[PDB]
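Engineer: Below you will find the structure I want to go over with you.
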Amino acid sequence: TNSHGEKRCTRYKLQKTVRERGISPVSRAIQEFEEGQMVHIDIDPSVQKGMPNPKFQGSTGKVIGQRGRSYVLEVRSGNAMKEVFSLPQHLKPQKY
Amino acid sequence: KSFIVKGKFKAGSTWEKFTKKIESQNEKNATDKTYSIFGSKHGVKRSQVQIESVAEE
Amino acid sequence: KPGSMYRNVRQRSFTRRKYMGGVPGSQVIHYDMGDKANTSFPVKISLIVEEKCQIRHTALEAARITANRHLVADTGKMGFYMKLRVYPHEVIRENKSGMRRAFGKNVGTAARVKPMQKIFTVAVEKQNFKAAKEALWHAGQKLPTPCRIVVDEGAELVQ
RNA sequence: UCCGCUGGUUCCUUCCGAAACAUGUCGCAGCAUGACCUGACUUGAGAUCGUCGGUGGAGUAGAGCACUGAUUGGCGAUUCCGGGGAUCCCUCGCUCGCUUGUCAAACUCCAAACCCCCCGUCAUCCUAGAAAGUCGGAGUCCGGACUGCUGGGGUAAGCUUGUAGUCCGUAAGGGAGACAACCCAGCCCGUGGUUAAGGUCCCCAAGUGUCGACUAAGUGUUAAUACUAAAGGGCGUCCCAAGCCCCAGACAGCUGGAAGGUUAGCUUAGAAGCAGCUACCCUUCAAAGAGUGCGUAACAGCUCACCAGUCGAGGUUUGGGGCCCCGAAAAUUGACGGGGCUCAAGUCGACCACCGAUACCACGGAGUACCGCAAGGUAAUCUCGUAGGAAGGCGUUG
RNA sequence: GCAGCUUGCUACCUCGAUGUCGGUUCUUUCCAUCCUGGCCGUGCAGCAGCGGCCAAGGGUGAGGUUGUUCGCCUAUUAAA
Ligand SMILES: [Mg+2]
Ligand SMILES: [Mg+2]
Ligand SMILES: [Mg+2]
Ligand SMILES: [Mg+2]
Ligand SMILES: [Mg+2]
Ligand SMILES: [Mg+2]
């Protein structure tokens, strides 16, 4: 039977480009966001902790608040709203 | 009424050339006659019988 | 089994050796024929395919044998250089219960082709061109697809 | 008695109108919860079925060998890990590099078109109430088919199991010979008009229509289609291109020539050009040969190849195309829908006129939705319908 | 490639019933020809063979074992 764990079908989803593997840039981890500021979900495989479920890959949410070193996002899946915790290392601003 | 026609048509999976001489009262009818004759002879339509020149002879 | 059982391309490829098991060997022994060390044949003709299909290795072996016999009989042992191109990488499986767990098991090997894709190639002199055409026409008779002959190099010489 | 299993369940109109799917189940002919349908109420301003531009997600098609596995020969060496036959006398496969020829669903240095989230813009809906929320009533969890995905499996199947769109189910009317789901069209009633699909020799309304060619087989006269035969061949016929010889003369014939030497090497006697080595048997003349055949123990002439005189205009080799022919045999009598059809009533490329729906236009009428105190106003953006929800009426006895 | 005459594959119709195998009787259809009619080739002297083409008008039987179809065997026969 097929499994239904939390990392299924992520062979290429959670990979790094060949000229990207290793230590990722550190400035991406100290970026700071404010309220109501659209961001993009782009999971960085190099960081093991604070990773949202990879089904939210490539979605855009808005910041709602901060809990420690993690921002609270508001992502739409289908017709629902899902609140996703993610460290700022996996996030990326929207360029207007 | 004599005329000269030159062009290329898609015979099968390749491009050929022709120099048919068609009798006709004028030149537009010469082009039409060329198209009709090629349709009769090779089953092609008016999209693979590109006529380069219909110069009078 | 009959030839038409495994000749159409309807399903995905199935070629990874390390996952399947027990693929039987092949019969075709040598893929180069004739004078390999020569490189000065001015005419280079070849047999091409008019439709996608699968060719069993046995058909390729029969075609190679017949072309070899004809070419050696007429042109000579040192007057040509034949070279087969397509190698059989596909695998053929035959179910053998009914439809209960109908997935098959390996029975042979096949080589897929594509339209206008060269299969054989013969190089000869100017005096043995007709013999080359005569040889390549029999080889295409054992082959499971319509085939036409194209003179690739030295077309102005022969034509 | 009980059953999740079979049969039956009685009047009219009006408004709206599905699911044959997911999870759990001693669950698979059942049921619960959710998706989908319907009625009412609360709140009070936005929403996104669509277009364009941008910030992002790609790892599929295709393509390729840069990783992982395979794969074809040539060349140069591994002075190994190796098999062939006391200096391992030396052969040398596996292997490592340069070049050639193939691959991949569980390969990728590459890499689309669809598609998804968000921002701006246009566009449509909306105070006659967007988005959201609360409560009442359900049906449904036997599906099927067509067009795409070379979908997966299977020899294949009107097979089985997926996915996107649209349909039948529950869809009239027009056309396909008849046709659940194919083409036009989604339908209140009556009258007039013009068209769509499709057709115009007769059956059958409207063309024995026009222009240019092809087919000689009754081939064909069959959009899709579960209903239509293949490889191979044709000096059958209609076209295009490319070479070669050519009126001081090309091809088919009329002619003879093919004489020098030889009776080639040959043992059987003899395979004397035609069992078996060779070579152009003539310095030389068109011709003259080691040469096919009637003949041929051997031959021999007759003469093959091969040229020469002769007529008197085109001849010849190949490649790519259209139609047709052979390949092609089944059981009641018979299926282009039928009659029949040959410069067509068939095929190919174009064109003109007309016929033909409930579609579209106009007029009159009914009902409905919403608003308005009423009178009445708006409706291209209202009128199909099974399970089912809701509203108003008719009838029988008291 | 053709046929659907062997066995498979599928589950489209029939479970408020479409009465199974073999033989017997009687009628008919197909040709992919066993004999009878006509032709062609031969490594066809004659006789008799071998191979192929047209042709479905007529014929294609009697018995022993076995439930058998199928198949084996016997003596005839133009062929059984
Ligand atoms: Mg690919
Ligand atoms: Mg139920
Ligand atoms: Mg449809
Ligand atoms: Mg419908
Ligand atoms: Mg209808
Ligand atoms: Mg109802």
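We label chains A, B, ... in the order they appear in the structure tokens, count residues from 1 in each chain, and number ligands from 1 in the order shown.
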For chain C, which residues have at least one atom within 12 Å of chain B, if we go by only C-alpha atoms? Write them as a PyMOL selection string, please.

Structural biologist: chain C and resi 50+115-116

Engineer: Do you know which residues are within 9 Å of ligand 2 using only C-alpha atoms (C1' of nucleotides) and all ligand atoms? Can you write them as a PDB file with N, CA, C and O atoms (P, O5', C5', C4', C3', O3' and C1' of nucleotides), in the first residue's frame?

Structural biologist:
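The result, stored in pocket.pdb:
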```pdb
ATOM      1  P     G D  30     -27.099  -1.246  -0.842  1.00  0.00           P
ATOM      2  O5'   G D  30     -27.287  -1.166   0.731  1.00  0.00           O
ATOM      3  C5'   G D  30     -28.551  -1.384   1.333  1.00  0.00           C
ATOM      4  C4'   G D  30     -28.447  -1.402   2.835  1.00  0.00           C
ATOM      5  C3'   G D  30     -28.192  -0.066   3.507  1.00  0.00           C
ATOM      6  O3'   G D  30     -29.346   0.738   3.642  1.00  0.00           O
ATOM      7  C1'   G D  30     -26.712  -1.655   4.386  1.00  0.00           C
ATOM      8  P     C D  31     -29.222   2.333   3.560  1.00  0.00           P
ATOM      9  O5'   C D  31     -28.327   2.725   4.811  1.00  0.00           O
ATOM     10  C5'   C D  31     -28.870   2.722   6.119  1.00  0.00           C
ATOM     11  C4'   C D  31     -27.818   2.928   7.182  1.00  0.00           C
ATOM     12  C3'   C D  31     -27.251   4.322   7.326  1.00  0.00           C
ATOM     13  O3'   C D  31     -28.125   5.220   7.977  1.00  0.00           O
ATOM     14  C1'   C D  31     -25.506   2.752   7.460  1.00  0.00           C
ATOM     15  P     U D 140     -31.936   7.563  -2.560  1.00  0.00           P
ATOM     16  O5'   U D 140     -30.457   7.835  -3.057  1.00  0.00           O
ATOM     17  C5'   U D 140     -30.198   8.315  -4.363  1.00  0.00           C
ATOM     18  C4'   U D 140     -28.791   8.830  -4.476  1.00  0.00           C
ATOM     19  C3'   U D 140     -27.703   7.876  -4.027  1.00  0.00           C
ATOM     20  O3'   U D 140     -27.385   6.904  -5.005  1.00  0.00           O
ATOM     21  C1'   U D 140     -27.312   9.998  -3.090  1.00  0.00           C
ATOM     22  P     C D 141     -27.070   5.393  -4.577  1.00  0.00           P
ATOM     23  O5'   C D 141     -25.604   5.477  -3.987  1.00  0.00           O
ATOM     24  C5'   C D 141     -24.556   6.051  -4.745  1.00  0.00           C
ATOM     25  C4'   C D 141     -23.228   5.897  -4.055  1.00  0.00           C
ATOM     26  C3'   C D 141     -22.961   4.555  -3.404  1.00  0.00           C
ATOM     27  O3'   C D 141     -22.580   3.575  -4.358  1.00  0.00           O
ATOM     28  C1'   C D 141     -22.238   6.328  -1.988  1.00  0.00           C
TER      29        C D 141
END
```

Engineer: Which residues are near ligand 5 in this structure, taking near to mean any atom at most 12 Å from a ligand atom and counting only C-alpha atoms (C1' of nucleotides) and all ligand atoms? Format them as a PyMOL selection string.

Structural biologist: chain D and resi 171-176+179-185+357

Engineer: Write out as a list in words which residues come within 9 Å of region 363-369 of chain D when counting only C-alpha atoms (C1' of nucleotides), dropping same-chain ones fewer than 5 positions away.

Structural biologist: residues 14, 15, 188, 189, 190, 191, 192, 379, 382 and 383 of chain D

Engineer: For region 64-69 of chain C, find every residue with an atom within 12 Å (counting only C-alpha atoms (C1' of nucleotides)), except residues of its own chain fewer than 6 positions away, and show them as a ChimeraX atom specification.

Structural biologist: /C:27-34,47,57-58,75-77,79-85,119-122,131-143

Engineer: Keeping only N, CA and C atoms, write those residues as a JSON list (two decimals), in the first residue's frame.

Structural biologist:
```json
[["chain", "number", "residue", "atom", "x", "y", "z"],
["C", 27, "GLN", "N", 20.69, -12.63, -29.99],
["C", 27, "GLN", "CA", 21.32, -13.45, -31.02],
["C", 27, "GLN", "C", 22.29, -12.67, -31.90],
["C", 28, "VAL", "N", 22.03, -11.38, -32.14],
["C", 28, "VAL", "CA", 22.90, -10.59, -32.99],
["C", 28, "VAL", "C", 24.28, -10.50, -32.36],
["C", 29, "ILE", "N", 25.30, -10.94, -33.10],
["C", 29, "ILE", "CA", 26.64, -11.13, -32.56],
["C", 29, "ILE", "C", 27.54, -9.93, -32.84],
["C", 30, "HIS", "N", 27.52, -9.43, -34.08],
["C", 30, "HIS", "CA", 28.38, -8.33, -34.47],
["C", 30, "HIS", "C", 27.55, -7.25, -35.15],
["C", 31, "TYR", "N", 27.79, -6.00, -34.77],
["C", 31, "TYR", "CA", 27.04, -4.87, -35.29],
["C", 31, "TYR", "C", 27.77, -4.12, -36.40],
["C", 32, "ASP", "N", 29.03, -4.47, -36.66],
["C", 32, "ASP", "CA", 29.81, -3.92, -37.76],
["C", 32, "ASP", "C", 30.15, -5.05, -38.73],
["C", 33, "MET", "N", 30.06, -4.77, -40.03],
["C", 33, "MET", "CA", 30.30, -5.77, -41.05],
["C", 33, "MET", "C", 31.33, -5.27, -42.05],
["C", 34, "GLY", "N", 32.07, -6.20, -42.63],
["C", 34, "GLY", "CA", 32.96, -5.83, -43.71],
["C", 34, "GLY", "C", 34.19, -5.06, -43.25],
["C", 47, "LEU", "N", 19.14, 2.42, -45.18],
["C", 47, "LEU", "CA", 17.74, 1.99, -45.14],
["C", 47, "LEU", "C", 17.04, 2.70, -43.99],
["C", 57, "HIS", "N", 14.73, -8.46, -31.86],
["C", 57, "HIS", "CA", 16.12, -8.68, -32.23],
["C", 57, "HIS", "C", 16.26, -9.80, -33.26],
["C", 58, "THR", "N", 15.34, -10.76, -33.26],
["C", 58, "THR", "CA", 15.41, -11.85, -34.23],
["C", 58, "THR", "C", 15.23, -11.34, -35.65],
["C", 75, "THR", "N", 29.31, -7.96, -54.17],
["C", 75, "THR", "CA", 30.30, -6.89, -54.12],
["C", 75, "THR", "C", 31.70, -7.43, -53.84],
["C", 76, "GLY", "N", 31.83, -8.33, -52.87],
["C", 76, "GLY", "CA", 33.13, -8.81, -52.46],
["C", 76, "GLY", "C", 33.32, -8.68, -50.96],
["C", 77, "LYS", "N", 34.32, -9.36, -50.41],
["C", 77, "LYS", "CA", 34.52, -9.35, -48.97],
["C", 77, "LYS", "C", 35.12, -8.04, -48.46],
["C", 79, "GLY", "N", 34.80, -4.99, -50.23],
["C", 79, "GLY", "CA", 34.26, -3.90, -51.00],
["C", 79, "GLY", "C", 33.08, -3.17, -50.38],
["C", 80, "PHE", "N", 32.95, -3.22, -49.06],
["C", 80, "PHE", "CA", 31.82, -2.58, -48.40],
["C", 80, "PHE", "C", 32.08, -2.52, -46.90],
["C", 81, "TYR", "N", 31.22, -1.76, -46.21],
["C", 81, "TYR", "CA", 31.27, -1.63, -44.76],
["C", 81, "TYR", "C", 29.84, -1.41, -44.26],
["C", 82, "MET", "N", 29.18, -2.49, -43.88],
["C", 82, "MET", "CA", 27.84, -2.42, -43.33],
["C", 82, "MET", "C", 27.90, -2.20, -41.82],
["C", 83, "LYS", "N", 26.92, -1.46, -41.30],
["C", 83, "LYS", "CA", 26.89, -1.18, -39.87],
["C", 83, "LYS", "C", 25.44, -1.03, -39.41],
["C", 84, "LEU", "N", 24.98, -1.98, -38.60],
["C", 84, "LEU", "CA", 23.70, -1.83, -37.93],
["C", 84, "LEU", "C", 23.79, -0.71, -36.90],
["C", 85, "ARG", "N", 22.66, -0.05, -36.63],
["C", 85, "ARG", "CA", 22.68, 1.07, -35.70],
["C", 85, "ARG", "C", 21.86, 0.82, -34.44],
["C", 119, "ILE", "N", 18.42, 2.76, -40.10],
["C", 119, "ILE", "CA", 18.64, 1.46, -39.48],
["C", 119, "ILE", "C", 19.95, 0.84, -39.95],
["C", 120, "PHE", "N", 20.13, 0.72, -41.26],
["C", 120, "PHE", "CA", 21.33, 0.16, -41.84],
["C", 120, "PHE", "C", 22.08, 1.23, -42.62],
["C", 121, "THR", "N", 23.35, 0.95, -42.90],
["C", 121, "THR", "CA", 24.16, 1.85, -43.70],
["C", 121, "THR", "C", 25.24, 1.05, -44.39],
["C", 122, "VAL", "N", 25.33, 1.20, -45.71],
["C", 122, "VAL", "CA", 26.29, 0.47, -46.53],
["C", 122, "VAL", "C", 27.10, 1.47, -47.33],
["C", 131, "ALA", "N", 24.33, -3.36, -56.73],
["C", 131, "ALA", "CA", 24.39, -4.48, -55.81],
["C", 131, "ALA", "C", 24.04, -4.05, -54.40],
["C", 132, "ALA", "N", 24.47, -2.85, -54.00],
["C", 132, "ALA", "CA", 24.13, -2.35, -52.67],
["C", 132, "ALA", "C", 22.63, -2.13, -52.53],
["C", 133, "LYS", "N", 21.99, -1.55, -53.54],
["C", 133, "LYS", "CA", 20.54, -1.39, -53.50],
["C", 133, "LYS", "C", 19.84, -2.74, -53.47],
["C", 134, "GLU", "N", 20.31, -3.68, -54.28],
["C", 134, "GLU", "CA", 19.73, -5.02, -54.31],
["C", 134, "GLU", "C", 19.86, -5.70, -52.95],
["C", 135, "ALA", "N", 20.99, -5.52, -52.28],
["C", 135, "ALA", "CA", 21.18, -6.12, -50.96],
["C", 135, "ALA", "C", 20.28, -5.47, -49.92],
["C", 136, "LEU", "N", 20.21, -4.14, -49.92],
["C", 136, "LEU", "CA", 19.38, -3.47, -48.92],
["C", 136, "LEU", "C", 17.90, -3.68, -49.15],
["C", 137, "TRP", "N", 17.48, -4.03, -50.37],
["C", 137, "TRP", "CA", 16.05, -4.26, -50.56],
["C", 137, "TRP", "C", 15.58, -5.58, -49.96],
["C", 138, "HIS", "N", 16.41, -6.62, -50.00],
["C", 138, "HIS", "CA", 16.02, -7.88, -49.37],
["C", 138, "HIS", "C", 15.98, -7.76, -47.86],
["C", 139, "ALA", "N", 16.92, -7.01, -47.28],
["C", 139, "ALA", "CA", 16.98, -6.89, -45.82],
["C", 139, "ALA", "C", 15.72, -6.26, -45.26],
["C", 140, "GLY", "N", 15.18, -5.26, -45.95],
["C", 140, "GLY", "CA", 13.93, -4.65, -45.53],
["C", 140, "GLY", "C", 12.72, -5.53, -45.69],
["C", 141, "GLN", "N", 12.86, -6.68, -46.34],
["C", 141, "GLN", "CA", 11.74, -7.59, -46.50],
["C", 141, "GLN", "C", 11.45, -8.37, -45.23],
["C", 142, "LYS", "N", 12.46, -8.60, -44.40],
["C", 142, "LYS", "CA", 12.30, -9.26, -43.12],
["C", 142, "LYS", "C", 11.95, -8.30, -42.00],
["C", 143, "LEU", "N", 11.75, -7.05, -42.31],
["C", 143, "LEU", "CA", 11.61, -6.04, -41.28],
["C", 143, "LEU", "C", 10.14, -5.68, -41.11]]
```

Engineer: DSSP on the backbone, then: every residue of region 25-159 of chain C marked helix (DSSP H, G or I), written as a ChimeraX atom specification.

Structural biologist: /C:57-74,129-142,155-158

Engineer: Quick one: write out the picked residues with N, CA, C and O atoms as a CSV table (one decimal), in the first residue's frame?

Structural biologist:
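Heads up, here's the output in part31.csv:
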```
chain,number,residue,atom,x,y,z
C,57,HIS,N,14.7,-8.5,-31.9
C,57,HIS,CA,16.1,-8.7,-32.2
C,57,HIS,C,16.3,-9.8,-33.3
C,57,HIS,O,17.2,-9.8,-34.1
C,58,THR,N,15.3,-10.8,-33.3
C,58,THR,CA,15.4,-11.9,-34.2
C,58,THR,C,15.2,-11.3,-35.7
C,58,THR,O,15.9,-11.8,-36.6
C,59,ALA,N,14.3,-10.4,-35.8
C,59,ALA,CA,14.1,-9.8,-37.2
C,59,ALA,C,15.4,-9.1,-37.6
C,59,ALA,O,15.8,-9.2,-38.8
C,60,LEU,N,16.0,-8.3,-36.7
C,60,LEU,CA,17.2,-7.6,-37.0
C,60,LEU,C,18.3,-8.6,-37.4
C,60,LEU,O,19.1,-8.4,-38.4
C,61,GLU,N,18.4,-9.7,-36.7
C,61,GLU,CA,19.4,-10.7,-37.0
C,61,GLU,C,19.2,-11.3,-38.4
C,61,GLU,O,20.1,-11.5,-39.2
C,62,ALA,N,17.9,-11.6,-38.7
C,62,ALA,CA,17.6,-12.2,-40.0
C,62,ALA,C,18.0,-11.2,-41.1
C,62,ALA,O,18.6,-11.6,-42.2
C,63,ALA,N,17.6,-9.9,-41.0
C,63,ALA,CA,17.9,-8.9,-42.0
C,63,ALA,C,19.4,-8.8,-42.2
C,63,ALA,O,19.9,-8.7,-43.3
C,64,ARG,N,20.2,-8.8,-41.1
C,64,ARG,CA,21.6,-8.6,-41.1
C,64,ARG,C,22.2,-9.8,-41.9
C,64,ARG,O,23.1,-9.7,-42.7
C,65,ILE,N,21.7,-11.0,-41.6
C,65,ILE,CA,22.3,-12.2,-42.2
C,65,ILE,C,22.1,-12.2,-43.7
C,65,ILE,O,23.0,-12.4,-44.5
C,66,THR,N,20.8,-11.8,-44.1
C,66,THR,CA,20.5,-11.8,-45.6
C,66,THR,C,21.3,-10.7,-46.3
C,66,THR,O,21.9,-11.0,-47.4
C,67,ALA,N,21.4,-9.6,-45.7
C,67,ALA,CA,22.2,-8.5,-46.4
C,67,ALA,C,23.7,-8.9,-46.5
C,67,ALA,O,24.3,-8.6,-47.5
C,68,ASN,N,24.2,-9.5,-45.4
C,68,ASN,CA,25.6,-10.0,-45.4
C,68,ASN,C,25.8,-10.9,-46.6
C,68,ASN,O,26.8,-10.8,-47.3
C,69,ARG,N,25.0,-11.9,-46.7
C,69,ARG,CA,25.1,-13.0,-47.7
C,69,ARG,C,25.1,-12.3,-49.1
C,69,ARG,O,26.0,-12.6,-50.0
C,70,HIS,N,24.1,-11.5,-49.4
C,70,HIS,CA,24.0,-10.8,-50.7
C,70,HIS,C,25.2,-10.0,-51.0
C,70,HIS,O,25.8,-10.1,-52.1
C,71,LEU,N,25.6,-9.1,-50.1
C,71,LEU,CA,26.7,-8.2,-50.3
C,71,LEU,C,28.0,-8.9,-50.5
C,71,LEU,O,28.8,-8.6,-51.4
C,72,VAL,N,28.3,-10.0,-49.7
C,72,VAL,CA,29.5,-10.7,-49.9
C,72,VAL,C,29.5,-11.5,-51.2
C,72,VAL,O,30.5,-11.6,-51.9
C,73,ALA,N,28.3,-12.0,-51.6
C,73,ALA,CA,28.3,-12.8,-52.8
C,73,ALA,C,28.5,-11.9,-54.0
C,73,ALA,O,29.2,-12.4,-55.0
C,74,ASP,N,28.0,-10.7,-54.1
C,74,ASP,CA,28.2,-9.9,-55.3
C,74,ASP,C,29.3,-8.8,-55.2
C,74,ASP,O,30.2,-8.9,-56.0
C,129,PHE,N,27.1,-0.1,-56.9
C,129,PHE,CA,26.0,0.6,-56.3
C,129,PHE,C,24.7,-0.2,-56.4
C,129,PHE,O,23.9,-0.3,-55.4
C,130,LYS,N,24.4,-0.7,-57.6
C,130,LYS,CA,23.2,-1.5,-57.8
C,130,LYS,C,23.2,-2.7,-56.9
C,130,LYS,O,22.1,-3.1,-56.5
C,131,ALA,N,24.3,-3.4,-56.7
C,131,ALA,CA,24.4,-4.5,-55.8
C,131,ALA,C,24.0,-4.0,-54.4
C,131,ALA,O,23.4,-4.8,-53.7
C,132,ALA,N,24.5,-2.8,-54.0
C,132,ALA,CA,24.1,-2.4,-52.7
C,132,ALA,C,22.6,-2.1,-52.5
C,132,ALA,O,22.0,-2.5,-51.5
C,133,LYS,N,22.0,-1.5,-53.5
C,133,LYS,CA,20.5,-1.4,-53.5
C,133,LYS,C,19.8,-2.7,-53.5
C,133,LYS,O,18.9,-2.9,-52.7
C,134,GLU,N,20.3,-3.7,-54.3
C,134,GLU,CA,19.7,-5.0,-54.3
C,134,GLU,C,19.9,-5.7,-52.9
C,134,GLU,O,18.9,-6.4,-52.5
C,135,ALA,N,21.0,-5.5,-52.3
C,135,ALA,CA,21.2,-6.1,-51.0
C,135,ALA,C,20.3,-5.5,-49.9
C,135,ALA,O,19.7,-6.2,-49.1
C,136,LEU,N,20.2,-4.1,-49.9
C,136,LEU,CA,19.4,-3.5,-48.9
C,136,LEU,C,17.9,-3.7,-49.2
C,136,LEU,O,17.1,-3.5,-48.2
C,137,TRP,N,17.5,-4.0,-50.4
C,137,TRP,CA,16.1,-4.3,-50.6
C,137,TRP,C,15.6,-5.6,-50.0
C,137,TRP,O,14.5,-5.7,-49.4
C,138,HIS,N,16.4,-6.6,-50.0
C,138,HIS,CA,16.0,-7.9,-49.4
C,138,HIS,C,16.0,-7.8,-47.9
C,138,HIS,O,15.1,-8.4,-47.2
C,139,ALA,N,16.9,-7.0,-47.3
C,139,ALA,CA,17.0,-6.9,-45.8
C,139,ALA,C,15.7,-6.3,-45.3
C,139,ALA,O,15.2,-6.7,-44.2
C,140,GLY,N,15.2,-5.3,-46.0
C,140,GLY,CA,13.9,-4.6,-45.5
C,140,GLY,C,12.7,-5.5,-45.7
C,140,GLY,O,11.6,-5.2,-45.2
C,141,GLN,N,12.9,-6.7,-46.3
C,141,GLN,CA,11.7,-7.6,-46.5
C,141,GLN,C,11.4,-8.4,-45.2
C,141,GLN,O,10.3,-8.8,-45.0
C,142,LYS,N,12.5,-8.6,-44.4
C,142,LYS,CA,12.3,-9.3,-43.1
C,142,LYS,C,11.9,-8.3,-42.0
C,142,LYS,O,11.9,-8.7,-40.8
C,155,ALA,N,25.4,11.5,-53.9
C,155,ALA,CA,24.2,11.4,-54.7
C,155,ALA,C,24.4,11.9,-56.1
C,155,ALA,O,23.9,11.3,-57.1
C,156,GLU,N,25.3,12.9,-56.3
C,156,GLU,CA,25.6,13.4,-57.6
C,156,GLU,C,26.4,12.3,-58.4
C,156,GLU,O,26.2,12.2,-59.6
C,157,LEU,N,27.2,11.5,-57.7
C,157,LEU,CA,28.0,10.5,-58.4
C,157,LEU,C,27.0,9.5,-59.0
C,157,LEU,O,27.1,9.2,-60.2
C,158,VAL,N,26.1,8.9,-58.2
C,158,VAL,CA,25.2,7.9,-58.7
C,158,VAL,C,24.1,8.5,-59.6
C,158,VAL,O,23.8,7.9,-60.6
```

Engineer: Using only C-alpha atoms (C1' of nucleotides) and all ligand atoms, find each protein or nucleic acid residue lying at most 10 Å from ligand 1; present the set as JSON, numbers by chain.

Structural biologist: {"C": [12, 13], "D": [60, 61, 62, 63, 104]}
